[PDB]
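Chains as they are written, first to last, in my numbering: chain A, 126 to 245; chain B, 14 to 69; chain C, 278 to 486; chain D, 5 to 118; chain E, 818 to 939. Even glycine gets a Cβ: it sits at the ideal position worked out from N, Cα and C.
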Amino acid sequence: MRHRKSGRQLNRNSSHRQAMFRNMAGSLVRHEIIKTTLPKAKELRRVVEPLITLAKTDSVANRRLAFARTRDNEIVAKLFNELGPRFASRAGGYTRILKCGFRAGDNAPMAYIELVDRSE
Amino acid sequence: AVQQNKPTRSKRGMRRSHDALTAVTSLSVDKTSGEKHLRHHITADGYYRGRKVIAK
Amino acid sequence: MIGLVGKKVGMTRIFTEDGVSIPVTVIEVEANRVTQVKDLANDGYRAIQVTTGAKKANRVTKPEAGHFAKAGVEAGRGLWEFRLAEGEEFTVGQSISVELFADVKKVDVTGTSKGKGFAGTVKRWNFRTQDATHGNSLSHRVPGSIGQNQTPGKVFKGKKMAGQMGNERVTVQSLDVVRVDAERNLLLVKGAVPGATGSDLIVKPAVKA
Amino acid sequence: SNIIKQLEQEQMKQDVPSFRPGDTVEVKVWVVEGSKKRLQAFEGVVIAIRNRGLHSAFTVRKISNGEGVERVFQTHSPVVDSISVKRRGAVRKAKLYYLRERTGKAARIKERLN
Amino acid sequence: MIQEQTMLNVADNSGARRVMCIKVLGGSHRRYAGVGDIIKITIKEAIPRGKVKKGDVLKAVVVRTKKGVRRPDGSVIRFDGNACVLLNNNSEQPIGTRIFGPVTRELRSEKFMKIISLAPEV
RNA sequence: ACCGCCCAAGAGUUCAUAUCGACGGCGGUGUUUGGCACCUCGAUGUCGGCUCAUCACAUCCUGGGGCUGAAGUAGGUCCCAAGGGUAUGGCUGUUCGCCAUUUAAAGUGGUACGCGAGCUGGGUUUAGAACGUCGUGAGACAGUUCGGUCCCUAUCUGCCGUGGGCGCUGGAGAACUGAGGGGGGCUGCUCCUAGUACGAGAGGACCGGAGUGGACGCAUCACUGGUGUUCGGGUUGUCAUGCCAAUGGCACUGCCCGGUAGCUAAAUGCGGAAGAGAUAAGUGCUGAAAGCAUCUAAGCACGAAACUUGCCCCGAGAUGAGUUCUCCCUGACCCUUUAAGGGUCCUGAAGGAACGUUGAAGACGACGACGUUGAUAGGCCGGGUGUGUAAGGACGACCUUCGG
RNA sequence: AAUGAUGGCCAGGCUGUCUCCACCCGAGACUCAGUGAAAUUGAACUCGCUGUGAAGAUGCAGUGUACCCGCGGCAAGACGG
RNA sequence: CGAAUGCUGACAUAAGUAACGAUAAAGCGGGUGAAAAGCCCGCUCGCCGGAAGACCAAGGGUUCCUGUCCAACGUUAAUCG
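The following block contains the structure:
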């Protein structure tokens, strides 16, 4: 039964579902790349991509908001200052999906996700 | 809550007959160096859609 | 007057002049087409094969292309036979209008219902509940007894058992008439057709007379 | 969605009045009495609002000389002929379920006369 | 919407403030009956000098149930509390002589025409 | 034992079968109380409740039909007829039972006195303690009261759904037949034709026209709600976050006031059927046999919800492989246990497939849409659910001569 | 008198105990990876229906029906353990 | 020597299924490596705080530290213990 819903369960707790995406929230700004599980990365897009729409707005609230989730005012200071001019005029498409194997530790499907422009 | 008579040898195969593994065989051949790479996957050299992404 | 079936657009509550409420089925039917002869002549029983809708140029496959190429027709979403009622009778290839429901006063609905997968038996057949307390031993929803003892000792075929139900064709006939727009090709009917919304469900003039 | 969009884009009401969750409300609902038609009052407050267009709602809470007969109207069903405001309310939230058990001497809310 | 032993208030001047649903009329298994339904019920109290005494039993002509009342547009005029008006055995009509509070126009058919003569509401 | 029936006292006001019957007579079934001990004592768990059933018909209502000491009504009785239907509470472990009140009406019986590898344990056969009684006791009572442990991860049969494989004598994509199967067969009530028929009168029609049930099955958000821990606002303290401004957490989401879209019923449409056939009961047609005659023996009409059609749906692996529409396409060698033959050089067509972006399709599978071209999904511009007056800047005044 | 995790009954309050169930959040149940058990076991190519029989049949006589093999469920039977 | 619910030794069987020992939670850079989720450093999270902190007694017998190895052990991998 899942007509018309959005989100995921992912063996994970809402507040932690809430949180466990958190640290990334500013994080992958910091290095711009990882390996990750695609569905999570897929969702990480859904985790990040929707969050990345944040990447277009600088005023007081967001400063709390980007600090608001992932609990940090580090990365927020970054975007406030630096990345704004990067994606001036794109209808999205700020990250890109690249398949890279399977975690040798667990057979899980490996995935590199990176900013469409990336470029730390 | 148990079998009541011990099954035959031959049956055991048939139950095992659909569990046969399936081969991939759909290899994809890249355009830059030609290193065999899975279709839709960055190469072992980290290549996909032809370009050198990442860099390792 | 053969029936006309559409995509289960959705539904509405149709509003009137004097306090009349009409929550009606909403459905899409394009200009229909009968595409072949079925009768004595080539099969011995009479039927009218009908496809409606459209397909994207590249996907009309040569034999079906030939099927439509031999037909020389646009692609439609599916070919249906309307069994010829001695006034019913068609031959290949005609693109159809909807006037065939001039009065009807009742039509059908038959098509894939809402997706459900393994529905619960409590829902499929309106079974009962056991009590939720006073020593219930893990049986808040089981079906309970099904059959007899050392006498016939077998399970009668057809027994209503819980499982997948719905999400499939469903004939809905003898259905009051409310309203249509031929100019828009909707069908808006007091009472809402089965299936998933957006479905096709066989809408035909009443067979219960 | 573009099917009924034109279908019922022409069936939602034409000139609905002012209310909030807690504004005073009275749906003159043409009801059956004898052999002639007339208008009979159902004056109340909104405790619950539904911004859903034609199938929406705007709530009326009367007091029926002690026990009301409670009404969930259709703003956009022509069975609601019209609304005539006696006063609006001063509300905070969306749904004034509190408007009921609040009675008599305290049952009032001030006018949000702004 | 009156069911076995439904809490029952009284809309009448008989004194009894007490009634309780025990049997619906009109057809077997009739479950949720109200509005204009008549059912078998029993009186549990009255006023001191009323026309009924503790224990007298009768049926019902409903005028209120917590479920309120539907109307032409799907709209409903809904009841706040389950208060009712009983009926005679033979003459029908509420055993009383003065009735008060909401009834239902759905009881309007000239059979309960007696009440519809002089009410404060409906 | 029960039911069934045979005789005819007699009754019955008449009349032995309107409806009863002496004394005697002959059956049927196998359900009550019984007999017998052939199987189970290296285990076949007891009473009753709860959910789910199923058939027989010695017919409860409905249907039909006959008769009747059956005027309408309401009975009594006999033949046909098994499609559908078949109460809610109090009292006690109870079944039983009784009782209160309803209805068309609360039919009788088999199935290990159905059903514990689906539930419970209140009763009845364990250890504690009591009273009456009975014996010197030990203890007993088939006399009575308080308390007290219930296990199974489903091999096979079976049954509900859902796939892979192979064949149908070339391959591929469409539309098919309808052998055969399965769900439905309620009606209550009330109003008009008809206080008319009957019936003195009462009261009460036949066959027919109008309205409502309630139960029941299919359908849908499209009311009405509900809900909705991702949609909002108000709050208790505090962790603490360079301190006035803001956090997040934590406190069951901290408590509380709300709630999309969908999903849903108390909300809203829908249906019981119309139709034909055959009849049946039983009665109706002619018919002599037996000069009559007759429902019978030959040639003629009707007859129920009971059976073949009318309705839905399923449905050619119907191995009897049924029916029509398409279109893909017709390579060089040899060789022998030389033919429906094995092997060497060109060719891979329809299509399919696979990996990718996906949905009211979903356990998986399986299906659907769709594969950059991809509107497939998201992302960027217009929508506006639901919450319900954010936070922050400033502003001045607010407080003193003005604000009266 | 007072007392009681004491016996039996009747009032008030209360509410999903029930007519009659609806939605939502969590942990399993399902797919992929790795490791990896037990009770049980004459032998088996392991259909229904009437009847007969150490007297209640998968395996007897007569008789109808049925392409090969999985996967998710259910618990009448195998006098199941 | 076939049968004694004989005894001892070896191999089947259900099944590649149940199960993987508290519902306090994790995330990313950098290092090694034949080979990082589980090891080290770094930067973030969250939980306990009359304890999941610090110290005696009894009991225990080298488990303490440094180098060094990956057969078996560790309910998986292991540069680790």
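Residues of the region 865-896 of chain E that bring their beta carbon within less than 8 Å of a beta carbon in chain C comprise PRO889, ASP890 and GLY891, in sequence order. Shown in chain order are the members of the region 40-65 of chain B whose Cβ falls below 9 Å from a Cβ of chain A: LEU51, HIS53, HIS54, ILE55, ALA57, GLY59, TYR61 and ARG62. DSSP places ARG835 (chain E) in the coil class of the three-state scheme, outside both helix and strand.
Just so you know, the alpha carbons of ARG211 (chain A) and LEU223 (chain A) end up roughly 21 Å apart. At a beta-carbon threshold of 9 Å, the residues of chain C lying near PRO82 (chain D) are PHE292, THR293, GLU294, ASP295, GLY296 and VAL297, ordered along the chain. Of all C-beta pairs linking the region 50-63 of chain D to the region 866-874 of chain E, fewer than three are shorter than 8 Å, placing the two stretches out of contact. Secondary structure at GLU365 (chain C): coil, using DSSP grouped into helix, strand and coil. In the displayed model, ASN206 (chain A) falls within a helix according to three-state DSSP. Excluding residues up to 5 positions away in sequence, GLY832 lie with their Cβ nearer than 6 Å to the Cβ of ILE864 (chain E) in the same chain. The Cβ neighbour count for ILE423 (chain C), taken over all protein chains shown within 10 Å, is under 16; the residue is labelled exposed. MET930 (chain E) is bridged by DSSP to nothing; it lacks a bridge partner.
Contact annotation: in the region 898-923 of chain E, residues whose CB is within less than 9 Å of a CB in chain D are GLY898, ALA900, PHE917, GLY918, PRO919, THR921 and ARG922. Separation of the CB atoms of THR312 (chain C) and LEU356 (chain C) is rounded to 5 Å, and the pair is thereby assigned contact status at 8 Å. Apart from sequence neighbours up to five positions away, the residues of its chain that approach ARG895 (chain E) with a beta-carbon distance below 6 Å are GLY885, ordered along the chain. Remark: C-beta atoms of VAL878 (chain E) and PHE929 (chain E) approach each other more closely than 8 Å.
If you look at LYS99 (chain D), you'll find it isn't in any alpha helix (DSSP H); DSSP assigns it neither H nor E. Counting the other CB atoms within 10 Å of its CB gives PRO911 (chain E) a total of 16 or more, which places it among the buried residues. Contact note: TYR219 (chain A) does not reach chain B at a C-beta cutoff of 8 Å; the least C-beta distance is about 16 Å.
By the Cβ rule, the region 162-177 of chain A counts as touching the region 213-223 of chain A, because three or more pairs are nearer than 8 Å. Three or more beta-carbon pairs separated by less than 8 Å link the region 288-302 of chain C to the region 443-461 of chain C, which places the two stretches in contact.
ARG25 (chain B): not part of any beta strand (DSSP E); member of the alpha helix (DSSP H) spanning 22-28, first to last residue. Pairing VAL66 (chain B) with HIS141 (chain A), the inter-Cα distance amounts to about 32 Å.
Under DSSP, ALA850 (chain E) shares a beta bridge with E:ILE819. Remark: three or more beta-carbon pairs, one from each stretch, lie closer than 8 Å, so the region 366-384 of chain C and the region 279-297 of chain C are flagged as touching. Judged by DSSP in its simplified three-state form, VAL185 (chain A) adopts helix. When only Cα atoms are considered, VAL893 (chain E) and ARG75 (chain D) end up about 5 Å apart. 8 Å or more divides the Cβ of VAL466 (chain C) from the Cβ of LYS285 (chain C). Spanning the alpha carbons of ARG62 (chain B) and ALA213 (chain A) requires a straight line of approximately 26 Å.
With respect to chain E, the C-beta atom of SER68 (chain D) has a partner C-beta closer than 8 Å. Note on geometry: alpha-carbon atoms of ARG189 (chain A) and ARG147 (chain A) lie some 14 Å from one another. Contact annotation, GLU30 (chain D) with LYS90 (chain D): C-beta distance approximately 7 Å; criterion of less than 8 Å satisfied. Under a criterion of Cβ atoms nearer than 9 Å, the residues of chain E adjacent to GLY72 (chain D) are, in order, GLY885, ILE894, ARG895, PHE896, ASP897 and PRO919. Put simply, the backbone Cα of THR389 (chain C) is about 25 Å away from that of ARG336 (chain C). Under the three-state reduction of DSSP output, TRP357 (chain C) falls in the strand class. Counting along the chain, the unbroken beta strand (DSSP E) around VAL874 (chain E) starts and ends at 874-878. Of the candidates C:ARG461, C:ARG323, C:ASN444 and C:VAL484, C:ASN444 places its Cα closest to the Cα of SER476 (chain C).
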